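The next block is entry-v4.cif, given as mmCIF, C-alpha atoms; chains and numbers go by the auth columns.
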```cif
data_start
#
loop_
_atom_site.group_PDB
_atom_site.id
_atom_site.type_symbol
_atom_site.label_atom_id
_atom_site.label_comp_id
_atom_site.label_asym_id
_atom_site.label_seq_id
_atom_site.Cartn_x
_atom_site.Cartn_y
_atom_site.Cartn_z
_atom_site.B_iso_or_equiv
_atom_site.auth_seq_id
_atom_site.auth_asym_id
ATOM 1 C CA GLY A 1 3.528 -2.555 16.606 0.00 13 A
ATOM 2 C CA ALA A 2 3.168 0.484 14.326 0.00 14 A
ATOM 3 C CA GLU A 3 6.107 0.869 11.962 0.00 15 A
ATOM 4 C CA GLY A 4 7.912 3.967 10.700 0.00 16 A
ATOM 5 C CA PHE A 5 11.303 5.584 10.112 0.00 17 A
ATOM 6 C CA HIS A 6 13.176 6.358 13.335 0.00 18 A
ATOM 7 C CA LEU A 7 15.297 9.486 12.970 0.00 19 A
ATOM 8 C CA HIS A 8 18.962 8.865 13.933 0.00 20 A
ATOM 9 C CA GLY A 9 20.909 12.071 13.220 0.00 21 A
ATOM 10 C CA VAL A 10 20.490 15.405 11.478 0.00 22 A
ATOM 11 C CA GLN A 11 23.396 16.917 9.466 0.00 23 A
ATOM 12 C CA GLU A 12 24.028 20.659 10.005 0.00 24 A
ATOM 13 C CA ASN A 13 22.214 23.200 7.759 0.00 25 A
ATOM 14 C CA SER A 14 19.953 20.376 6.441 0.00 26 A
ATOM 15 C CA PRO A 15 16.321 20.480 5.275 0.00 27 A
ATOM 16 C CA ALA A 16 15.744 18.190 8.288 0.00 28 A
ATOM 17 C CA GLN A 17 17.312 20.746 10.679 0.00 29 A
ATOM 18 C CA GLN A 18 15.447 23.676 9.041 0.00 30 A
ATOM 19 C CA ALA A 19 12.092 21.873 9.513 0.00 31 A
ATOM 20 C CA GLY A 20 12.812 21.158 13.222 0.00 32 A
ATOM 21 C CA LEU A 21 13.309 17.384 13.137 0.00 33 A
ATOM 22 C CA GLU A 22 14.621 15.919 16.435 0.00 34 A
ATOM 23 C CA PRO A 23 17.646 13.605 15.885 0.00 35 A
ATOM 24 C CA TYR A 24 16.336 10.739 18.124 0.00 36 A
ATOM 25 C CA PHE A 25 12.894 11.604 19.557 0.00 37 A
ATOM 26 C CA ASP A 26 11.132 12.010 16.168 0.00 38 A
ATOM 27 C CA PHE A 27 9.508 9.092 14.336 0.00 39 A
ATOM 28 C CA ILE A 28 8.503 9.658 10.710 0.00 40 A
ATOM 29 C CA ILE A 29 5.245 7.874 9.887 0.00 41 A
ATOM 30 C CA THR A 30 3.881 9.722 6.749 0.00 42 A
ATOM 31 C CA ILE A 31 5.142 11.604 3.685 0.00 43 A
ATOM 32 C CA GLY A 32 2.385 13.235 1.627 0.00 44 A
ATOM 33 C CA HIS A 33 -0.438 10.704 1.378 0.00 45 A
ATOM 34 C CA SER A 34 1.941 7.735 1.835 0.00 46 A
ATOM 35 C CA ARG A 35 1.898 5.903 5.163 0.00 47 A
ATOM 36 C CA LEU A 36 5.449 4.695 5.744 0.00 48 A
ATOM 37 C CA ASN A 37 4.518 1.255 7.094 0.00 49 A
ATOM 38 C CA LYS A 38 6.475 -0.995 4.687 0.00 50 A
ATOM 39 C CA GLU A 39 10.221 -1.385 4.128 0.00 51 A
ATOM 40 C CA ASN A 40 10.572 -0.179 0.550 0.00 52 A
ATOM 41 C CA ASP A 41 12.041 2.885 -1.194 0.00 53 A
ATOM 42 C CA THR A 42 8.792 4.943 -0.916 0.00 54 A
ATOM 43 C CA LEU A 43 10.442 7.549 1.359 0.00 55 A
ATOM 44 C CA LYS A 44 13.416 8.081 -0.990 0.00 56 A
ATOM 45 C CA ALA A 45 11.102 8.111 -4.044 0.00 57 A
ATOM 46 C CA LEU A 46 8.757 10.810 -2.714 0.00 58 A
ATOM 47 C CA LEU A 47 11.713 12.895 -1.489 0.00 59 A
ATOM 48 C CA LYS A 48 13.152 12.610 -5.072 0.00 60 A
ATOM 49 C CA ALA A 49 9.742 13.444 -6.582 0.00 61 A
ATOM 50 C CA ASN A 50 9.425 16.598 -4.425 0.00 62 A
ATOM 51 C CA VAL A 51 12.936 18.099 -4.735 0.00 63 A
ATOM 52 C CA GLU A 52 13.080 21.875 -4.076 0.00 64 A
ATOM 53 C CA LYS A 53 9.338 21.625 -3.325 0.00 65 A
ATOM 54 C CA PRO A 54 7.317 21.714 -0.074 0.00 66 A
ATOM 55 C CA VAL A 55 6.226 18.297 1.201 0.00 67 A
ATOM 56 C CA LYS A 56 4.376 17.493 4.468 0.00 68 A
ATOM 57 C CA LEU A 57 5.542 14.787 6.875 0.00 69 A
ATOM 58 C CA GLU A 58 3.704 13.428 9.877 0.00 70 A
ATOM 59 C CA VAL A 59 6.132 12.898 12.723 0.00 71 A
ATOM 60 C CA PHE A 60 5.676 11.402 16.189 0.00 72 A
ATOM 61 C CA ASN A 61 7.706 13.045 18.983 0.00 73 A
ATOM 62 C CA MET A 62 8.714 10.614 21.805 0.00 74 A
ATOM 63 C CA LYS A 63 8.970 13.329 24.502 0.00 75 A
ATOM 64 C CA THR A 64 5.525 14.874 23.937 0.00 76 A
ATOM 65 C CA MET A 65 3.980 11.596 22.646 0.00 77 A
ATOM 66 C CA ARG A 66 1.999 13.192 19.808 0.00 78 A
ATOM 67 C CA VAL A 67 1.911 13.809 16.069 0.00 79 A
ATOM 68 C CA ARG A 68 2.606 17.025 14.187 0.00 80 A
ATOM 69 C CA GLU A 69 2.820 17.930 10.521 0.00 81 A
ATOM 70 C CA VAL A 70 6.300 19.141 9.552 0.00 82 A
ATOM 71 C CA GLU A 71 6.813 20.842 6.173 0.00 83 A
ATOM 72 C CA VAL A 72 10.186 19.941 4.623 0.00 84 A
ATOM 73 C CA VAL A 73 11.875 21.004 1.384 0.00 85 A
ATOM 74 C CA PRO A 74 14.131 18.192 0.132 0.00 86 A
ATOM 75 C CA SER A 75 17.058 19.668 -1.761 0.00 87 A
ATOM 76 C CA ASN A 76 20.544 19.355 -3.274 0.00 88 A
ATOM 77 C CA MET A 77 21.769 22.923 -2.685 0.00 89 A
ATOM 78 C CA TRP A 78 22.007 22.880 1.148 0.00 90 A
ATOM 79 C CA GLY A 79 25.537 21.353 0.865 0.00 91 A
ATOM 80 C CA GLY A 80 25.802 17.935 2.561 0.00 92 A
ATOM 81 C CA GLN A 81 24.681 14.370 1.789 0.00 93 A
ATOM 82 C CA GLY A 82 21.063 13.465 0.892 0.00 94 A
ATOM 83 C CA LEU A 83 17.849 15.313 0.013 0.00 95 A
ATOM 84 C CA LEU A 84 16.554 15.410 3.611 0.00 96 A
ATOM 85 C CA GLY A 85 20.003 15.511 5.269 0.00 97 A
ATOM 86 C CA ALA A 86 19.188 12.902 7.910 0.00 98 A
ATOM 87 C CA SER A 87 19.848 9.276 8.864 0.00 99 A
ATOM 88 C CA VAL A 88 16.833 6.995 9.442 0.00 100 A
ATOM 89 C CA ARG A 89 16.062 3.402 10.391 0.00 101 A
ATOM 90 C CA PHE A 90 12.891 1.493 9.551 0.00 102 A
ATOM 91 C CA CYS A 91 11.429 -0.171 12.660 0.00 103 A
ATOM 92 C CA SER A 92 8.408 -0.763 14.891 0.00 104 A
ATOM 93 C CA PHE A 93 7.647 2.138 17.246 0.00 105 A
ATOM 94 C CA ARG A 94 8.148 -0.188 20.225 0.00 106 A
ATOM 95 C CA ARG A 95 11.841 -0.676 19.324 0.00 107 A
ATOM 96 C CA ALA A 96 12.632 2.998 18.648 0.00 108 A
ATOM 97 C CA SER A 97 10.967 3.979 21.948 0.00 109 A
ATOM 98 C CA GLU A 98 12.869 1.508 24.166 0.00 110 A
ATOM 99 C CA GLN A 99 16.201 2.528 22.535 0.00 111 A
ATOM 100 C CA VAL A 100 15.602 6.159 23.685 0.00 112 A
ATOM 101 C CA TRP A 101 13.831 5.524 27.050 0.00 113 A
ATOM 102 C CA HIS A 102 16.478 4.317 29.508 0.00 114 A
ATOM 103 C CA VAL A 103 19.740 5.905 28.263 0.00 115 A
ATOM 104 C CA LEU A 104 22.257 6.663 31.064 0.00 116 A
ATOM 105 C CA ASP A 105 24.896 9.381 31.282 0.00 117 A
ATOM 106 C CA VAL A 106 28.083 8.135 32.943 0.00 118 A
#
```
Represent the structure from my file as structure tokens, please.
Amino acid sequence: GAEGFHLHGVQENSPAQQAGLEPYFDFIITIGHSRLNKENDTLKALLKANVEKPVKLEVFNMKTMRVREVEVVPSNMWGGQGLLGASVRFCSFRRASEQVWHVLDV
């Protein structure tokens, strides 16, 4: 049901990595006072708006099944691509959960 931005990969030395974002088990649901429950450019916009500035995310961890507040500093100077330094996909929580549940090593 409840929609958000599934985290897909965290570039090295990123603002994402420095804040402790988990490449697949974290689900971003808030930035500032903006609930990320619609597929628009709100995430990008508020990252842009808060460049080199501390901004609070709410993030749902799929191992521990609960929400924390992560402080991130979006930035240009870290070296790689993007202000956060992470890949994300907008989806229902249901879909992001099932795509991490039953992975198999072979």
For this file, the PyMOL selection byres ((chain A and resi 23-38) around 8) selects which residues, as a ChimeraX atom specification? /A:18-22,39-40,71-75,82-87,90-92,95-98,112
Apply the PyMOL selection byres ((chain A and resi 58-61) around 10) to the structure shown and report the selected residues as number ranges by chain. A: 43-44, 46, 53-57, 62-67, 84-87, 94-96
Apply the PyMOL selection byres ((chain A and resi 104) around 12) to the file shown and report the selected residues as a ChimeraX atom specification. /A:13-18,39-41,48-51,101-103,105-111
Quick check, in Å to one decimal: how far apart do atom CA of residue A:113 and atom CA of residue A:99 lie?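 Between atom CA of residue A:113 and atom CA of residue A:99 the gap works out to 19.5 Å.
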For residue A:81, which of A:68, A:100, A:115, A:93 is the closest residue, counting all atoms listed in the file? A:68
Exercise on stretch 63-72 of chain A, axis-aligned box with 4 Å per side, report centre and edge lengths in Å to one decimal, as AutoDock Vina command-line options:
```
--center_x 8.4 --center_y 16.6 --center_z 5.7 --size_x 17.4 --size_y 18.5 --size_z 28.9
```
